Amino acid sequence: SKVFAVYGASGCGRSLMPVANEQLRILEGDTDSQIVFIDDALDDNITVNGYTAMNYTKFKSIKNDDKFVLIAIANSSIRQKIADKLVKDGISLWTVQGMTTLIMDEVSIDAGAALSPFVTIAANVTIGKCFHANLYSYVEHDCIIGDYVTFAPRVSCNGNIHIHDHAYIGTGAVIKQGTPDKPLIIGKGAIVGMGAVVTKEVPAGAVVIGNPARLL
């Protein structure tokens, strides 16, 4: 027996719960296991979109040895804090993808990814911990994505890009491909703004916006 959850019942989680249901009911063929929301804003249990929603204290108290959690909180500092808590409490991180999520050949994705509908992860891609690939995003060939990286919808991450830990890529941003000899790097904790057109390396901790992308 198993219990599933989406951690976060705000916008990120409410737009991922249908995806977690595709992952569980269809891709895993599991019509038996329960799925709930976890949200620490809750004191008493409530329902959110027809699912039971409870705080983490209550989720921990469930008498099941086999718990699986998708963290659906876009803020990657929160997501890492929760992931470390879950692993320490013996709860499994759970990767979710949609029926329309396309995964190509020789792709490695660490546990706990949120891979939205219409996402493509192309050939020979490696992705670290609790990746968020929101609706329509793609990661093209030979990319290396670090831990707790977050894509907004419709991110165009072209080939031979290396995105370091905790970077955030905003809605509709486009990143130029690297080459085998020179991957294009997005530095640790960098923020690429909505609609940014990135044609050069982004330094660690930089905020870049516009077409062409510039420091903000």
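Each residue number is its position in the shown sequence, starting from 1.
Stretch comparison (80-88 versus 117-125) by mean CA B-factor in the PDB entry places 80-88 on top. When the mean C-alpha temperature factors of 66-74 and 27-35 are read from the deposited coordinates, 27-35 comes out higher. Among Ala196, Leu16, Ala206, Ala9, the highest C-alpha B-factor recorded in the PDB entry belongs to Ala206.
Within the listed group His166, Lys176, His162, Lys60, the record reports its top CA B-factor for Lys60.
Compared with the other modelled residues of the chain, the Cα B-factor recorded for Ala41 ranks in the highest third. Residue-level temperature factors show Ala111 in the highest third of its chain, judged at the C-alpha atom.
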